[PDB]
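Student: Let me start by giving you these chains from the complex, positioned as in the assembled structure:
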Amino acid sequence: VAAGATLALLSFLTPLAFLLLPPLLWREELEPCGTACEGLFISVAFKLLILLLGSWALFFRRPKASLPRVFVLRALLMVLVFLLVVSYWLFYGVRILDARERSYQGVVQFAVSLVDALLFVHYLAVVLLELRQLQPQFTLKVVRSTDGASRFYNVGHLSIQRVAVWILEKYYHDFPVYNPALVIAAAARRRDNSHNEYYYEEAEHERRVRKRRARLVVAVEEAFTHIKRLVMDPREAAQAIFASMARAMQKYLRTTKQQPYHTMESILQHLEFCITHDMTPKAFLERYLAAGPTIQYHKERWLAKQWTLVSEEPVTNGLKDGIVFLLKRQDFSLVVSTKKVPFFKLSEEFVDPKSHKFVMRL
Amino acid sequence: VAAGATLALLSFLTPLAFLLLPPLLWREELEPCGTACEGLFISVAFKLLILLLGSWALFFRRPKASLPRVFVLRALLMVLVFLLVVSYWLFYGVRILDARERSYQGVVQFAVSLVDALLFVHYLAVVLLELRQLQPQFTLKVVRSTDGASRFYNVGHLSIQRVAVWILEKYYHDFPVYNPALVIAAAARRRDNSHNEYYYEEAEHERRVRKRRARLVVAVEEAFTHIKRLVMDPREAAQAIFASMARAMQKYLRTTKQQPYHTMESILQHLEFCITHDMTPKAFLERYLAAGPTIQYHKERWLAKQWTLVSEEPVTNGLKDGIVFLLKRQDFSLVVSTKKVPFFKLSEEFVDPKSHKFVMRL
C-alpha cells in the first residue's frame, strides 16, 4: 500500500516538476512565451486541484478487505500510472531536460497533457473499480450450510474474490446471526408412519416461546413505566428498571437459545440507549425477540478476519453461469451459487383505457 | 438555487465569449491562423455539447431535499466553478482583452482548456456527489422508536444529513406505515407468576384477525365473480361489486386497526385499478391484509416536510463507528445507529472435486 502512496505523490509532483525545472535550470536560455503559457498554468493549477479532490474522494481511504490474491484491476491501474509517469519522465529527460528545450510553450503543453492523462487515468480507475459492476449481470444464491438462511443478490462483473467481499458485506446485516445452539425405503416407510414426535416438539417450542415472549413484553412494559423524563442518570435508571425485567429476559433468552449473545452489561447499555432516545418497550424488545443479524452483536462474534474463499476456479476470474464457491468460517459456510440474469425480450402492447368494459354476469 | 443557474449560464457562455470577442472587437488587428484554430473550434463545439448533455442528465433537476445545513460538497463545487470561471475571466481581461492579444491560436487554446476544465469539474461533481458513496463503508441500524420496525442498510461516505435523507428515502418503502392505534425483583417475580393475560389476548387477536381475513377473502372472491370482461365502466363495476364486500372489508379494517388508512373512495379507486388491470381478488387484498409501507397511502400521511435531524455531532460531518442520530417526527422517531463494516481477510483454499469421497457408515 506504500507503493500506491509513492505513485500518488510522484504523479502529483511530476507536473509541478515539469513546469518548475526549466525556470530553475536554464532561465536565461529559455525562450519567453506569451499569455498562452500562463493560461495553461491556470489550467494546470485547477486540473491538479480537481485531481487532488477526486483522489481524496475515492482513493485516499483504507482498504476494506484483504484479498487472497492480487486485486487485478487495481494492479492494472497501478501499472498504468507507473508506466505513464515513467514514460513522461523518460521523454522529459531525454528530449527536454538533457536537450535543454527552449520552446517553453511545448513544455507547458506537455505538462497540460500529463495532467489530462492523470485525470483520465482517475476516470478509468472509477470505471474499472466502481462503474463496471453497477449493471447487474448475475444472481447469487447465498445459503448458510448450517441452517439454510438464504438470500439472493444481483451482482455485476466482478471477480470471485470481490464478489466474496461483497457477499460478506451483505452477510453481516442480511442473514440472521449464526447460532450453533439451534430395505432402506421400507425402513423409511416404517419410520414415517410412526409418531410424529418432531411436529409436537416444534409446537411445544413455539407455544413456550410465545408464552415467555408474553411474559417478557409485560415485564418490559411494567419496567418502563417505572421511570419518567425530567435526578437520576440514564445508566442509573436503566439499572433501576432492569431488576423488574431481568428474570423474564433471562427466561426468554434461555428458551430461544440466545444466552451468550446478550450479557447483563449489554442489556444495561441497550436499556440506557432506549430510555435515552425515548424508545418504547417494543423498540427495546426488537433486539431480543428475533435473532437479528451478526453486526448487531459484539465484535468478538463477527470474526471477519477468519473467512476462507473456497473455489474450484482461480478467484481472480469473473463470475459466469454455474460458479459455486464457499465462504467458509470455523463455524459454518456460505455456499454461493451464480446464475446468469436472463436475456429479456420485451414487446409493447397498447391498451385503450376506454376499452375496459364490464358486464354483471359471471 | 438561482446562484447555481447563474454559474451554469455563465460557465456555458464564457467559452463562447472567449472565442467571439476577438473577432468582434479587434478583427483587422487579429492575426490569421491556420486549420488548427478551426479544428479547435470543432472541439469546443462538441465538448460544449457534451458538457450541456451531462449537466442536463445529472444536474438540471429539482432538489430532492432541504438540508438543515449547507450541502458541503455542492457548495465546494459551486465555489470551484465560481473561482475557476472568475479566474479565467480575470486572466482573459488583464492579458487578452486589455492587452489586445494578436495570437488568436492562443486564445482558442485558452478556450479549449476552459471547456476541458469545465468537463473535469463536471466529472469531479459526479465523483463527489454520486461516486463517493457507492462503496459501502457503514451499516446503519434504523429502528422506529415506537414499534421497533428495524432495517439495516449499507451506506458509503456521506455526511449525517445526506445519510438522513437517504434513510428517509428508504423509510417510505421499507418500514410498515406508522400506526398509533397499535423489593422490585420480588414484585416482578410475583407478577411473572400470575396469569399470562397478554399471551391469551394475543392468541385471541390472531385468531379473530384470521377469521375476519377469511371472511374478507371469501367476500372479495364472491365480489369479483360478479363481473366479467366485455356495457359498464370500471368505476361503475367497482361501485357495483363493492356492495358485496364492504361489510367484510370494514370488519377486517376494524380488527386490524387500519380504519383511517382506507377511505371508501380509496377502496373504490383501488377496486377500479384492480379490475382494470385484470388483478385477482388476492392481488386486490394484498394492499389490505398487511400494513404496508408509508408511500402506499395518501400524501397527508407522509408528512415528509416534518422530519427533524437530532444529532450530537454537527450534521455536516461524515459518519463514523458509533454515530447515533434521530430522525424525529411528531408521531415517532427513527433511531439510527452506525457501525463500521469490518475489515475482511479472505484466504484461499483449493479443494479437489475428485476428493469428495463418501462411506455408508454414520
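Tutor: That came in fine, so what should we check first? Numbering: from 1, shown residues only, chains lettered A, B, ... in the order given.
Student: From residue B:144, how far out is the residue in the stretch 201-350 of chain A that chain B sits nearest to?
Tutor: Nearest residue of the stretch 201-350 of chain A to chain B: residue A:286, at 3.2 Å (C-beta to the nearest C-beta). No exception for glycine: its C-beta is placed from N, CA and C like everyone else's. The gap separating residue A:286 from residue B:144 is 9 Å, by C-beta to C-beta, to the nearest Å.
Student: hey, what's in contact with both of the two?
Tutor: residue B:150 (C-beta atoms under 8 Å, 6 or more residues apart in numbering or on different chains).
Student: more crowded one of those two?
Tutor: Between residue A:286 and residue B:144, residue B:144 has the larger neighbour count (other C-beta atoms under 10 Å in any protein chain shown), namely 25 against 19.
Student: which secondary structure elements does the helix or strand that contains residue A:204 contact?
Tutor: For residue A:204, the host element (DSSP states H and E) is helix A:197-224. Contacts defined by 3 or more C-beta pairs under 8 Å, 6 or more residues apart in numbering or on different chains; DSSP states H and E place helix A:197-224 against helix A:234-242, helix A:246-255, helix A:281-289, helix B:184-192, helix B:197-224.
Student: Contacts for the next helix or strand after the last one next, please.
Tutor: So that's helix B:197-224. Using DSSP H and E, the helix or strand that follows helix B:197-224 in sequence is strand B:228-229. Outside strand B:228-229, the residues that touch it by C-beta under 8 Å, 6+ apart are A:357-359, A:361-362, B:278.
Student: 6 Å instead?
Tutor: Identification of contacts with strand B:228-229 by C-beta atoms under 6 Å, 6 or more residues apart in numbering or on different chains yields A:359, A:362.
Student: Quick check: the gap between residue A:140 and residue B:94.
Tutor: Residue A:140 is 60 Å from residue B:94, by C-beta to C-beta.
Student: Which residue of those two possesses the greater neighbour count?
Tutor: A direct count of neighbours by other C-beta under 10 Å for residue A:140 and residue B:94 places residue A:140 higher, at 20 against 11.
Student: Let's add chain C too:
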Amino acid sequence: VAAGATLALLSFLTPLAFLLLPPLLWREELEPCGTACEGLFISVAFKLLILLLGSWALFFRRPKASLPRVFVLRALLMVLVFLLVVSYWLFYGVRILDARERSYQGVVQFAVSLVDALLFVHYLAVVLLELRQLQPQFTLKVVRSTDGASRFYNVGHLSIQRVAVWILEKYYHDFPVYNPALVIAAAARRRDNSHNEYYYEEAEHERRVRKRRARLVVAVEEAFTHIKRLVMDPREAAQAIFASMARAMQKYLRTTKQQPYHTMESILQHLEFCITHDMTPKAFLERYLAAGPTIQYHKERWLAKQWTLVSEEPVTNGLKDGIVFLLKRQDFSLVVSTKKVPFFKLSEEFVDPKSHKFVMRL
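Tutor: With chain C now in place:
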C-alpha cells in the same frame, strides 16, 4: 449492433489515421516540428489506451435486453459519435488532406482534441446510461396480478422500458416463483354470517403442511446421517441417501403444490450439491420448504423472452408520478405503480446528552 461496432472501430482508427496520413502522403512537403509533437504522440497513445480500456470495461458487452422501442440515450450517443467523427473526417479532408497542410503540429493537436472528445463522449455515455438513474427519484410498487406478491423499489430517471427491464431483473430474485396451482348487500350479510369454511380449510392446510414438513425434516436428517466424509461418489451417495427421503419429499411437494418445480434429477443434483459442499439437512431443505424465487428453478420456467410491456404512455418517456404499466406474461402480470419520492425538509435540533434526566415516578 453492427453499427455500434463499426462506429467503435472507426472512432478508434480515426486518430491513428489523422496522425499517419501526413507522413505517408506528403512526407518531404511536411514541416518538421519539435518535441511538442512527440509529447502529444505520447498523449495520444496513452489516452487511446484509456479509451480502449474504458470501452472494454463498460461497452464491450452483450445487450442484456431487447427493448420494444429504440434505446433513446444510446441512439443519442451513437448519433453523437457518428456526427463527431464524420465532422472531424470532413474537416480533415477539406482543410488538411486536400489542402496538404504543412503545419504538422496543428494536425497532431487536432488528433489530441479528437481523442479528448472521444474520452468526453465516453464520459457522457457513462453519465447518460449509468449515472443518471443512481439518484432515486421514484418509488415503484410492483404487484403480481395473480397472488399479490408486492415489492417496492427506488428507481431514478429512466424511461418506462428501462424501468421495465430493471423490474424484470429484480423480479427473478425478489418475488416468489409463480404457481398457478395455488339486494346484494343483504346476500353479502347472509353469506358472511354463514359457516367460515375458508378459515378452517386454511387451518387444516397449515396444520398438514407443518406435519409433512416435520416428516420431511426428520427424513432428510436421518438421510444425511447415512453418509460421512472420507469410496463412493457424491452422485452415488446422493442416490443412496435419496431413497430414505424420497417419500417424505414427494408428500411435502404434493401438499405444498410444488410438484413440477422439482424433478427427481433436480433433487438428486441438489443432494449432490449439498453433500459436496458439506451442507446440513436444513440447508438442503431451504430450497424445498418455501416457494423461492423464479431464477432458483429451471430455465424452461423463466420464460424471459415472453414479457410484454403494456403502457398507456409511449414507453420511451421517463417516469412521473402516476405512471402505471403492466409487465404481462402468458401466466400473470406485474402491475407497476409509480409514485414520486417526496420532498424532504429536514430541520436540525440539538439535544444535550447531559440533559437526559430521569425520575422514579410514573
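Student: what do you get for what packs on helix A:197-224 once chain C is counted?
Tutor: If you count contacts as 3 or more C-beta pairs under 6 Å, 6 or more residues apart in numbering or on different chains; DSSP states H and E, helix A:197-224 packs onto helix A:246-255, helix A:281-289, helix B:197-224, helix C:197-224.
Student: do that again at 8 Å, thanks
Tutor: helix A:234-242, helix A:246-255, helix A:281-289, helix B:184-192, helix B:197-224, helix C:197-224.
Student: Among those helices, which comes closest to residue B:296?
Tutor: Across those, residue B:296 has its closest neighbour in helix B:197-224 (17.9 Å, C-beta to C-beta).
Student: phi, psi of the residue found closest to residue A:172 once you drop the neighbours it is linked to in the chain?
Tutor: Once flanking residues are discounted, residue A:172 sits nearest to residue A:295: 4.0 Å by C-beta to C-beta, 6 or more residues apart in numbering or on different chains. Residue A:295 adopts backbone torsions of phi -80, psi -10, taken as degrees, to the nearest 10.
Student: what about the closest residue to residue A:157 other than its chain neighbours, neighbour count?
Tutor: Distances taken as C-beta to C-beta, 6+ apart place residue A:132 nearest to residue A:157, at 5.2 Å, with adjacent residues excluded. A count of nearby residues for residue A:132, using other C-beta under 10 Å, gives 20.
Student: which SSE is residue A:168 in?
Tutor: Under the assignment here (DSSP H and E), residue A:168 is part of helix A:160-174.
Student: picking that back up, how much space between the residue nearest to residue A:157 and residue C:123?
Tutor: For residue A:132 relative to residue C:123 (C-beta to C-beta), the value is 15 Å.
Student: which residue ranges form the helices in the stretch 251-362 of chain A?
Tutor: Listed in chain order, the helices of the stretch 251-362 of chain A (DSSP state H, counting those that start in this stretch) span A:264-276, A:281-289.
Student: how about those, which one is nearest chain C?
Tutor: Per C-beta to the nearest C-beta, nearest to chain C of the helices of the stretch 251-362 of chain A: helix A:264-276, 5.2 Å.
Student: so what does that closest one touch, helix or strand wise?
Tutor: helix A:234-242, helix A:246-255, helix A:281-289.
Student: I'm done for today, thanks for sticking with me.
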